[PDB]
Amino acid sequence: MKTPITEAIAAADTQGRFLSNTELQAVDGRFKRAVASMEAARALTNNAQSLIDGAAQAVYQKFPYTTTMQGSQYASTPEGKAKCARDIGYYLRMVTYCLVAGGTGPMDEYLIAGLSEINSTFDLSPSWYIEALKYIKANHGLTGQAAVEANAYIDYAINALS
């Protein structure tokens, strides 16, 4: 999994060498950033259900057809709404994980790899998930660099859907 620490190790290992001073400084920088980043991850975690629920409604209000178009791929039904709430939870969880690990690796490995194929195969509109993401960005209520670190991983997810 990509993190600032495993990236440094991988660079040293690729060259068969011990870690360099610049690689240790990179881990120091990761430790300095971890403070606000972990602050954001705890905040999002503690308010996840509100964000998930609110994000679900944001999507349906933006895309009312997902409320009523017959089909597996729609929140048409109670199971469709369950699937959609689940997925939104998945995205939020992945943002918490990136904040915890100090980079995009968790979302790269668990959600972004294969994303375009999954959305295509299962007739899931990326716009749906982008709307969910924008609602989390505006309502997580963070400020300062905790909000900076958080909104970075949010924008990163929106980009992967674009």
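The term rigid core refers to the maximal set of C-alpha atoms that superpose within 1.5 Å between the two forms. Numbering starts at 1 and runs along the sequence shown.
Looking at 147 to 155 and 15 to 23, the one farther from the shown form in 7 other deposited structures of this protein by average CA distance, after a rigid core fit, turns out to be 15 to 23. The PDB entry reports B-factors from which the mean C-alpha value can be compared for 60 to 68 and 95 to 103; the larger average falls on 60 to 68. With 72 to 80 and 85 to 93 compared on mean CA B-factor from the PDB entry, the stretch scoring higher is 72 to 80. Across the residues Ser120, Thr45, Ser37, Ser50, the deposited record lists the maximum Cα B factor for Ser50. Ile9: CA B factor lies in the lowest third for its chain, per the PDB record.
In this PDB entry, the Cα temperature factor of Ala138 sits in the top third of its chain's modelled residues, the highest group. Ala41: CA B factor in the middle third of modelled residues in this chain (values from the PDB entry). For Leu124, the recorded CA temperature factor ranks within the middle third of the chain's modelled residues. Sort the modelled residues of the chain by CA B factor and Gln145 lands in the highest third.
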